[PDB]
Amino acid sequence: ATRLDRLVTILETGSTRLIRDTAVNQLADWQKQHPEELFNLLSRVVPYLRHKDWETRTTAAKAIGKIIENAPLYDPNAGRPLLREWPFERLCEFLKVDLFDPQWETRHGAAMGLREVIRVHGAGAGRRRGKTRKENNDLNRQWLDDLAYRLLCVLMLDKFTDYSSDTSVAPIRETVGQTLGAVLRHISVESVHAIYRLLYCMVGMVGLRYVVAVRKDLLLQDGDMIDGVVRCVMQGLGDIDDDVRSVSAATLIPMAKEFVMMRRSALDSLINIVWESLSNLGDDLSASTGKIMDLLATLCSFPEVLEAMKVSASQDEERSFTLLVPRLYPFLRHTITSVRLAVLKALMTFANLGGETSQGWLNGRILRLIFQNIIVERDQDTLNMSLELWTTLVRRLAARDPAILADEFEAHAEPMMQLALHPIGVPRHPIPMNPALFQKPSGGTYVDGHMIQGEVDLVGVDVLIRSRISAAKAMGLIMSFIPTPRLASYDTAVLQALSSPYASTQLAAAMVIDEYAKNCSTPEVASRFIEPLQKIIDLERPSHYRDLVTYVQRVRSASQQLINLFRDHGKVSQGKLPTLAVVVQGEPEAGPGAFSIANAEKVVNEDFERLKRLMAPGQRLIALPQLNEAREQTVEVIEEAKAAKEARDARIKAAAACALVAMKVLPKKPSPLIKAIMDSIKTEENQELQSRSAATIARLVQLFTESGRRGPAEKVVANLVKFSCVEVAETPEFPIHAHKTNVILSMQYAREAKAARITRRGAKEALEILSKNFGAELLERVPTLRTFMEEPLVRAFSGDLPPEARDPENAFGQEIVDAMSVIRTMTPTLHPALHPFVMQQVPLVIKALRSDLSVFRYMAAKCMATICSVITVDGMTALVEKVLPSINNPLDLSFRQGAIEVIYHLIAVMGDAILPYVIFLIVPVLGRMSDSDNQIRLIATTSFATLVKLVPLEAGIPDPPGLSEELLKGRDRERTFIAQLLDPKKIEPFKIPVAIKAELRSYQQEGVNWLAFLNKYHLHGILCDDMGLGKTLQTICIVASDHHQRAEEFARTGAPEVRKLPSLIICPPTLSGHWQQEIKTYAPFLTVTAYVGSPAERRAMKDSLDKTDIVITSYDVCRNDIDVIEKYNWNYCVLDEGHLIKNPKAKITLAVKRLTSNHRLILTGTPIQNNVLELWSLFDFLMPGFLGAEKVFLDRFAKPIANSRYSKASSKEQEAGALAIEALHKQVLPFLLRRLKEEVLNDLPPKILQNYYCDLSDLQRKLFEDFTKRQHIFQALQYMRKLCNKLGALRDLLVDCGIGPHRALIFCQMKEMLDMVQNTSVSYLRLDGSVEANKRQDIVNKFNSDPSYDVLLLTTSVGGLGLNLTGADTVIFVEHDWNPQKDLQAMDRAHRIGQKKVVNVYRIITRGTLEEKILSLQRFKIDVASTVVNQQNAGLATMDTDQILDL
DNA sequence: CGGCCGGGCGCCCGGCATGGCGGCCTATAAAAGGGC
DNA sequence: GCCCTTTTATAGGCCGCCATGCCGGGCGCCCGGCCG
């Protein structure tokens, strides 16, 4: 596949918007470089316009526009409703012909595409070559008129609308309007007249939005064509329907500037109609008022509109701002959020007008209404806008005079203070505010019922608390602005609140004090609130709060149940205990003897013991278990009440401490202040108060640093660093993972999970604000953080390793990870001045990534990912120069593991930013997908799933500006590296030109070329050539070349990448003598070891395995000794006859697949013999996971292959098998190199095949017919095989073959037929395996030399490779095996390179019996095997390799 | 005493096609309104 | 039976897969011997 096919698919399958933006940019640049092939891109991007996904259609339209923008401009001269040559002529016609399609997606795409095409190329449309210039201009006018006509017809017929949101959306209308706006830029003014007449000024409006706003400067002041549109818009504004009003308002707002400039006269009528339409209180569910107010704000922003409005109030004040803008006040509490937000934004625009008009309507009314908005709001955005408007209004009102602010809000201050300092209840027992405190927009006393009532169950407690803090900020600001002598009521209100029986009111009072302190000119002003706050934090807290009366009453009910019901059950007489106090503590008019938690403790312990002692004997035994249950329940309720009291006390203390630190108090004895603040950093579920406490600590540290005292400062910094590391998911508990080694951590009570993460959230926010405060100087001001971060990093350097570092009970094993978490936690928020510090520490983090400690590698991967995210160029230089080189180390498993986990986390954190470095990252992941370690393979697969999608973009990403010279050189060399993989072009093969090195034939040259290609990119294969082509030479050549290259590189480097690792070869016993001879005669500079030996002898060379370059071992010697052989690693691992390991269940496969090797190769001649699962078993050894698990491969390939055995060209079965073989062929294409003996050898005569058919004998026929009436299924097959036994055919064939000058081999699968002596001159030998193996060589060598022997009989399965029987020129088969490859091997005897004459093969196939099925199965297996290996060569192999590694 | 011995048997080969564990997947349960 | 919404959640059956074979045929290993 080309680059374009993968580049276009990103527009639909792109993971993020930036990836698709880069895809369209790359595609546009592609068209720029290759301007001759616009249609190739267009034909592939256009079909997305009718896709169902919205984003795909938008991206396809943008891609079409940017592709077309680079082509040259063209200048060849010098009422059915819609419900759910010119170079681009056919494209535009295809868009217009489905612009009336029923499906709305097609219309949306068509409109977008037409817009994009015409936007850049509208001028040259419609013209035809050969016509004159002027007539072509007329044709262009006709074309644009036709397009405008068709688009306007589309606009007036489409009714598709979306009502999901309040503001209805018409996608087709909007796109068609933008298409008109694109069209109308190029036409002449006559066509503009025609279109304006067509879209007559009546009420289309969305059509008007782009019929104007194009050719704007010429339409201005153009008589009727600009005078009628204002009438149309004004009529629309006054219309009844909300939809047309909203559309007209949205149509006028972008054109408001030039519609204002059109006339000064029209402004009076326009603003009159706008204010009149807004004056009428619209329907409750209408979002139109937002558009109307946006229009009002935009119109009032222009100076001439302000002049007109000032002129309008000529005879009276009716049209002045002061009387009008209160018309906006009713909509402040409208149900739809958009209307409320619009009201606030319009009021802010009006407030920021200036011009001495704002003083009119600014008064206490709007301030009180905005304060009510703050109190009763639930939406975050509207609350923020309300507080912003409040601040701007207060600042504007204080600009005139602080006294004006102080006495304007004096009328309203006390009720708003009651609202701000109001308590909060519990879910089912609210504490409602008085509705008389709220004013109406046009009334003295009051949709917001839930917030007023204080119903915490219906509106969450977070919303109530947020309203309280917002009110506190507003009231603190307004206190700060107004003069001090006027603050008597304010200060006494908050002082009385600080002593209230409630808990919430005290919190609100502290918040108001804190905000007043913050907003003051200097902190000393607010010093009158000092000692009440110190009384809050120092003096003991109240024993109760009115908010917890529900808890105490629950305790009272449970205690009463315990006292009463279970003693009635227990039969204890009256007078058992005095009755509990009826009134609970904390309630109003509760006496000093009111029920309290202390009474609950007394009854549940002392009275419980007393009553137990008072119970009669025997009845106590009956009663006690229910008494125990009731007692435990009572204790639980008491604990709940006490916990609630503790939480309220802690919150009040935290707020008081925040107030004290805010006014710059630094007590000489800071014992309780820091305690309260840190308690509110630990156990604060409310995010807002936690952030406030975080800011409090960040300011406290700075104040103490300026004071010079540092004890508590360092203590709190240490405590913050401690709390930042409490979350398990961000820093694990070392005592658990101390026992895990060489495992990827990334692949591996409910109450506490929340506490840990909230504490870590608070600490992290505190640390971030601290860093932002200190700026550049943080590394100078505070050194305790430095020690926490750094002391285990400079420790453990130079290979240092305390033995206690591995001790689960040593705290330093946890302190190491606690230290290393802070780098990730803090580096992104540090100043750039500290980037050199982290850069200087990167050499420590990289070594932590190479360290053999698993948690070291985990934390180093995380920290390197972060550092490369934020300190991009330096961190990535370190990564590419000193991590990725280590990814290939065979022995250092830690190096590879850490260096792959770093890539995992780097991708996960950087996301889209990793585009320029995928060229560095791709090759390591490709290599490690097939690594020996299981978890490295898994995470490499996950990383590759992300990198492959971005690989097509890497060829054109703009270089980052700051890349070091090393990174530019790295990018260049990696480009040249990948170019050979992703291009069919290839290089001269890899060879070492040693003087004694042997000569290579052409096919061997191609084979070593293929092996070197595999070697470079760390891919594995099968050299499945036919026997007799010399695979040993190629194998030892590539192994020696690799060993020579590594050894030479080890002299030019010091890294542990090269270690002179051994190489293992597993052969059958008979071929070791060939392997050693070939290695010695072709690679003298290689050393050889032969582990194959007696069971005891192997210990004499056990340690010699790790000391010799090439090690040779047998399959069975490896099997019996795998438990010791698995403990070594090898550079190469070669299986000489890999068809031994085809059955996955066989123990030889289980043994061989445990051989951890860097490179891995199978030599064979029949990778697939009976079933594709043989190929799966081989590739499970070569590239684990490449073809999936067992079930996946079975379902994908094997079942269709089996089902295709019986088919008659039917689409039900033939198609499935064909697709299965095609997929398996494409998947395994680059990793098999089959070359036929016919292609290589120049001297090997042809082989001919003929079948011999004969009918079954009479006696055998009768016996079979009898047997049909007559266990296991296979015994019938065996019996049929036996009774099928030809001798006349064999006799006639032998006589025809000159026997009894001509020779033959006779193969029989059945031994009992091979010894038959029927037909009573012919001398024959027998080789049936039962003969001793040594005697076989003598027999065959006797047969081979002299011509006195005419025939030689043998069974098919006798002898392995090398059983050369060359004298024969005919081969006769009498019974055929289930395996066709065994018959082919039997034919290969007497067809070797030493063969001299033509070889003819004959088969005796008796008709109407099992043998026909045998041959049918054989040809089926032959076809299935051959079709999978049909086309194998380096150049012929498809270079889409990256797209295959997806299981 | 050293060295080649036979010698046994565990391992793998291959067929068809049956029976016994599988994982996984709705379905299980509750209220209720509407219409078919 | 059919559908919509919602929080809760886990264990039976149904369709598959999957190792079962068992007669000759062979290879390779170690495990017993002895021979001049």
# chains A, B, ... in the order shown; residues from 1 in each chain; ligands from 1
>>> residues_around(residues="residue 302 (chain A)", least_positions_apart="6", cutoff="10 Å", atoms="only C-alpha atoms (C1' of nucleotides)", output="PyMOL selection string")
chain A and resi 256-257+260-261+353
>>> select_by_dssp(residues="region 1104-1235 of chain A", states="strand (DSSP E or B)", output="list in words")
residues 1110, 1111, 1112, 1113, 1114, 1130, 1131, 1132, 1133, 1134, 1135, 1157, 1158, 1159, 1160, 1161, 1162, 1163 and 1232 of chain A
>>> interface_residues(of="chain C", to="chain A", cutoff="8 Å", atoms="only C-alpha atoms (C1' of nucleotides)", output="PyMOL selection string")
chain C and resi 23+25-26+28-30
>>> write_last_selection(atoms="C-alpha atoms (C1' of nucleotides)", output="short mmCIF file (atom, residue, chain, number, x, y, z; two decimals), in the first residue's frame")
data_model
loop_
_atom_site.label_atom_id
_atom_site.label_comp_id
_atom_site.auth_asym_id
_atom_site.auth_seq_id
_atom_site.Cartn_x
_atom_site.Cartn_y
_atom_site.Cartn_z
"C1'" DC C 23 -2.57 -50.30 15.79
"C1'" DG C 25 6.36 -47.71 12.01
"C1'" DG C 26 10.24 -45.32 13.17
"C1'" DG C 28 16.98 -41.76 20.32
"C1'" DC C 29 17.73 -41.97 24.53
"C1'" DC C 30 19.62 -44.18 28.64
#
>>> interface_residues(of="chain B", to="chain A", cutoff="10 Å", atoms="only C-alpha atoms (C1' of nucleotides)", output="JSON, numbers by chain")
{"B": [11, 12, 13, 14, 15, 16, 17]}
>>> residues_around(residues="residue 356 (chain A)", least_positions_apart="4", cutoff="12 Å", atoms="only C-alpha atoms (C1' of nucleotides)", output="PyMOL selection string")
chain A and resi 306+310+321-322+350-352+360-362+396-397+399-400
>>> write_last_selection(atoms="C-alpha atoms", output="CSV table (one decimal), in the first residue's frame")
chain,number,residue,atom,x,y,z
A,306,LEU,CA,-24.1,55.6,22.4
A,310,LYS,CA,-28.0,59.9,24.5
A,321,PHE,CA,-30.2,54.0,30.1
A,322,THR,CA,-31.4,54.7,33.7
A,350,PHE,CA,-23.0,48.4,30.1
A,351,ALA,CA,-21.0,48.9,33.3
A,352,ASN,CA,-17.7,49.2,31.4
A,360,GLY,CA,-27.6,56.6,36.5
A,361,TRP,CA,-28.6,52.9,37.0
A,362,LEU,CA,-25.8,51.9,39.3
A,396,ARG,CA,-17.1,51.5,39.4
A,397,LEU,CA,-19.2,52.7,42.3
A,399,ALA,CA,-14.5,55.2,41.5
A,400,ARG,CA,-16.9,58.1,42.1
>>> residues_around(residues="residue 14 (chain C)", least_positions_apart="4", cutoff="12 Å", atoms="only C-alpha atoms (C1' of nucleotides)", output="ChimeraX atom specification")
/B:22-26
>>> residues_around(residues="residue 458 (chain A)", least_positions_apart="5", cutoff="10 Å", atoms="only C-alpha atoms (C1' of nucleotides)", output="PyMOL selection string")
chain A and resi 427-428+450-451
>>> residues_around(residues="residue 158 (chain A)", least_positions_apart="2", cutoff="10 Å", atoms="only C-alpha atoms (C1' of nucleotides)", output="list in words")
residues 80, 81, 82, 83, 84, 100, 104, 153, 154, 155, 156, 160, 161, 170, 171, 172 and 173 of chain A
>>> write_last_selection(atoms="N, CA and C atoms", output="compact mmCIF listing (two decimals), in the first residue's frame")
# COMPACT_ATOMS: atom_id res chain seq x y z
N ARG A 80 -40.54 19.69 -3.56
CA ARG A 80 -40.53 18.55 -2.65
C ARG A 80 -39.67 18.89 -1.43
N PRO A 81 -40.19 18.74 -0.20
CA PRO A 81 -39.40 19.16 0.96
C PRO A 81 -38.20 18.26 1.19
N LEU A 82 -37.16 18.85 1.77
CA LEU A 82 -35.93 18.14 2.12
C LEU A 82 -36.00 17.78 3.60
N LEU A 83 -36.36 16.54 3.88
CA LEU A 83 -36.45 16.00 5.23
C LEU A 83 -35.31 15.00 5.45
N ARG A 84 -35.33 14.33 6.59
CA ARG A 84 -34.34 13.31 6.89
C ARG A 84 -34.38 12.20 5.84
N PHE A 100 -29.73 17.02 -2.95
CA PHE A 100 -31.14 16.78 -2.69
C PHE A 100 -31.41 15.34 -2.25
N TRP A 104 -29.73 13.37 5.49
CA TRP A 104 -29.23 14.71 5.79
C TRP A 104 -27.71 14.76 5.85
N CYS A 153 -32.90 27.35 -3.25
CA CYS A 153 -34.00 26.40 -3.27
C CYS A 153 -33.84 25.37 -2.16
N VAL A 154 -32.60 24.94 -1.89
CA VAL A 154 -32.35 24.03 -0.78
C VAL A 154 -32.72 24.70 0.54
N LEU A 155 -32.37 25.98 0.69
CA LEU A 155 -32.64 26.68 1.95
C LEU A 155 -34.13 26.78 2.23
N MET A 156 -34.93 27.00 1.19
CA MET A 156 -36.36 27.22 1.35
C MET A 156 -37.17 25.93 1.44
N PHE A 160 -35.07 20.13 8.48
CA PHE A 160 -34.39 19.34 9.49
C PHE A 160 -33.82 20.25 10.57
N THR A 161 -34.16 19.96 11.83
CA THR A 161 -33.71 20.75 12.96
C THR A 161 -33.38 19.83 14.12
N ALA A 170 -30.13 24.14 12.76
CA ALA A 170 -30.49 23.63 11.44
C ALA A 170 -29.19 23.41 10.68
N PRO A 171 -28.61 22.21 10.72
CA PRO A 171 -27.29 22.03 10.09
C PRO A 171 -27.28 22.32 8.60
N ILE A 172 -28.29 21.84 7.88
CA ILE A 172 -28.29 22.00 6.43
C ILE A 172 -28.46 23.47 6.07
N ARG A 173 -29.32 24.18 6.80
CA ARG A 173 -29.50 25.60 6.53
C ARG A 173 -28.21 26.38 6.76
>>> select_by_dssp(residues="region 175-408 of chain A", states="helix (DSSP H, G or I)", output="MDAnalysis selection string")
chainID A and resid 175:183 189:198 205:211 216:219 224:237 242:262 265:279 288:301 303:312 321:333 337:351 358:361 364:376 380:400 402:408
